[PDB]
Amino acid sequence: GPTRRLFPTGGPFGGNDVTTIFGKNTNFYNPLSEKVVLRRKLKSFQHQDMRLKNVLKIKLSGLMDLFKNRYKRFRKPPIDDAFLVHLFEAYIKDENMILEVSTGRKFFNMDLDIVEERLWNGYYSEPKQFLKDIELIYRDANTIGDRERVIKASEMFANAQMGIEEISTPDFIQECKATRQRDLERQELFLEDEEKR
Amino acid sequence: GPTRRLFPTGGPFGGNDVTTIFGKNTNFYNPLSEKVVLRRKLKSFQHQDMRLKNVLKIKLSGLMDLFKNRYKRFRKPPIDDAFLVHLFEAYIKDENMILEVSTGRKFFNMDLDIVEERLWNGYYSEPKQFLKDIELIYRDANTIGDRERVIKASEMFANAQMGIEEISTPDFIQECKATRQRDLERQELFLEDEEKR
Amino acid sequence: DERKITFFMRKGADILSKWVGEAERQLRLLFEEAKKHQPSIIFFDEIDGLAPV
Amino acid sequence: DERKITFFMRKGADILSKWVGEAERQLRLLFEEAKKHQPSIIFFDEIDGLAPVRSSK
């Protein structure tokens, strides 16, 4: 049936037919005059911001394709998804971290596809979101492996870092700060909406 | 003999040996100086706009291939064609809507193949015809089914809306407007001709 | 005695690491905490390093 | 005849790469290739394309 995806990918385009363990952003829709005007400006500014997210994906793909076809070993977590399948309904779930019993290591591992599938739907209000994915790539570098793999994946992390340094520019920074406060208000109204509905 | 198609598909290319319940556009050919010059400009601008319709179909297939091979459940109306077969010569025919006695629900249902074989012939003078086709997909989502199916089909409706928003561009919008009226003065003369002949 | 001039102390680029937005969130929490405890003093030691030129 | 002395011809700006510091790896590989033969001598052509003097930045 539904996809057995653990990461919080979802937005105005799609990817909302998912279920994970920790927090998930599944949102198309889930006094009164303030609520209805809030909904109106939500629709308008969300359409504009989704256009901005599409533009962000357009300007990110030119490097994302190179960084996806350069290496493949980090495009798959070392731990197979099946070990995390049976905890949906050895490995035990913490707040968000999954802990193994044999060794006791913590892994925030992805498959390097999550950034472009995330911008497929689109909730990258800030190039700080890309900075989070790059830092999390560095986290996958840090969590598992010896010195050689750690340093090579850290070089890749620094490559994504220079890329986001070029993507992040002061005028885009201020526009994205404006939409960042907008979408923090948006996520607050959405969490209270799902709590009240 | 003739195909038992109830949808109004027809254009210069073909598909004009059909009979339906509501209005149907069968168009190859069905004082005097204005009539003959009108036919001359009709032939000329109809050839030009038919080439434009081919171009629209070309830039439309690139997304409809994915949107038609992704799902197959909505490529077939919930009510079989046989119940609508016997009303050509349970279900009653309104202005254009079909009413079912058992429940009383109204369905403007299509099988998602109609838009591409419509552009096969070609009468999409404006992107608003595609807007109406996507809105009819949304109508199919709304009329029949519950929760999950409705929201999934609305997600595809939004995907197709985002596709047509890219297809609809201001230069093509103004050209389309030039042909909309071109085909408007065309449809008025066409009904008056089929009434007088 | 009954009102607190609660003093916040920061260092030179202690907020500012090489990661860009950690400083942003740290400033957000800093000023939110200043808002909560209404009378507050915020000090930026070595502000020539936190705001270099 | 008994100890074939090898050679490595390396230019200036080819080592200086894009990325960030993979120019370092371009010479890490060279130096680890300096220890596959013992009689190994390294040529860096146009070394000013790698290490020029500080001017103002």
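Per the deposition metadata, cryo-EM was the technique used to determine this entry, at a resolution of 3.8 Å.

Draft legend 1. Layout of the overall build of chain D. For chain D, the helix and strand inventory stands at one helix and two strands. Starting at the N terminus and ending at the C terminus, chain D contains elements arranged as β-α-β. The C-alpha atoms of chain D give a radius of gyration of 14 Å, which is well past the 10 Å a tight globule of 57 residues would have. Across its three principal axes, chain D shows a C-alpha extent of roughly 50 × 20 × 15 Å. Scored against the burial criterion, the 57 residues of chain D give a buried share of 14%. In the form shown here, chain D has an accessible surface area of approximately 4800 Å², with 57% of it arising from carbon and sulfur atoms. Looking at charge distribution, chain D has the averaged site of its 11 positive side-chain charges lying 3 Å from that of its 10 negative ones.

Draft legend 2. Local environment of the sheet that holds strand β1 (residues 91-93) of chain B. Residues and elements named next belong to chain B. The strand order across the open sheet built from three strands is β1-β2-β3, with neighbouring strands paired in antiparallel fashion. What marks the edges here is a single partner per strand, and that holds for β1 and β3 (106-107). Note that β1 and strand β2 (residues 98-100) share three bridges and pair antiparallel. Note on β2: the bridge partner recorded for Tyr91 is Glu100.

Draft legend 3. Highlighting helix α1 (residues 22-32) of chain D. Along α1(D), the residues classified as buried are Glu22(D), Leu27(D) and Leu30(D). Buried positions in α1(D), seen along its axis, are confined to an arc of 160 degrees and lie on one side of it.

Draft legend 4. Fine view of the environment of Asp193(B). Residues and elements named next belong to chain B. Turning to its location among the elements, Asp193 is positioned in helix α6 (residues 170-196). Sequence separation between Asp193 and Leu99 is 94 residues, and the spatial gap between their C-alpha atoms is 33 Å. Sequence-distant contacts of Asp193, that is, excluding residues within four places in its chain, are made with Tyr29, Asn30 and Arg39.

Draft legend 5. Focus on the pattern of salt bridges. All names here are of chain B. Here the structure, examined in full by the defined rule, presents 24 salt bridges over all chains. Measuring nitrogen to oxygen at the nearest pair gives 3.8 Å for the salt bridge that ties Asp183 to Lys53. For the pair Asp183 and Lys53, one class covers both residues: buried. The network of salt bridges with shared partners includes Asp49, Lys53, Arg182 and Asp183.

Draft legend 6. Local environment of the interface of chain A and chain D. Across the boundary between the two partners, chain A contributes seven residues, which contact five residues of chain D. Summed over both partners, the interface of chain A with chain D comes to about 550 Å²; 50% of that surface belongs to carbon and sulfur atoms. Applying the counting criterion to the chain A and chain D interface returns zero salt bridges. Seen at the junction of chain A and chain D, the total is zero residue pairs in polar contact. Along the lines of polarity and charge, the residues of the side of chain A that touches chain D split into two nonpolar, one polar and four charged.

Procedures and definitions
Residues numbered from 1 in each chain as written, not as in the entry; some residues may be left out. Chains lettered and ligands numbered in written order. Part of a larger assembly, values for the part shown. Heavy atoms only, no water. Helix = DSSP H or I, 4+ residues; strand = E, 2+ residues; numbered from the N terminus. Rg over C-alpha atoms; globule rule 2.2 N^0.38 Å. Buried < 20%, exposed > 50% of the residue type's maximum accessible area, 1.4 Å probe, protein only. Areas by Shrake-Rupley, 256 points an atom, 1.4 Å probe, with all protein chains shown as cover. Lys, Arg positive; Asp, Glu negative; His and termini not counted. Charge placed at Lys NZ, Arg CZ, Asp CG, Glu CD. Pairing = 2+ DSSP bridges. Arc of directions from axis to C-beta. Contact = heavy atoms within 4.5 Å. Salt bridge = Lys/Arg side-chain N within 4 Å of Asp/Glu carboxyl O. Buried area = accessible area lost by both parts, 1.4 Å probe. Polar contact = N/O pair within 3.5 Å; in protein donor to acceptor, adjacent residues only side chain to side chain. Nonpolar A, V, L, I, M, F, W, Y, C, P; charged D, E, K, R; others polar.

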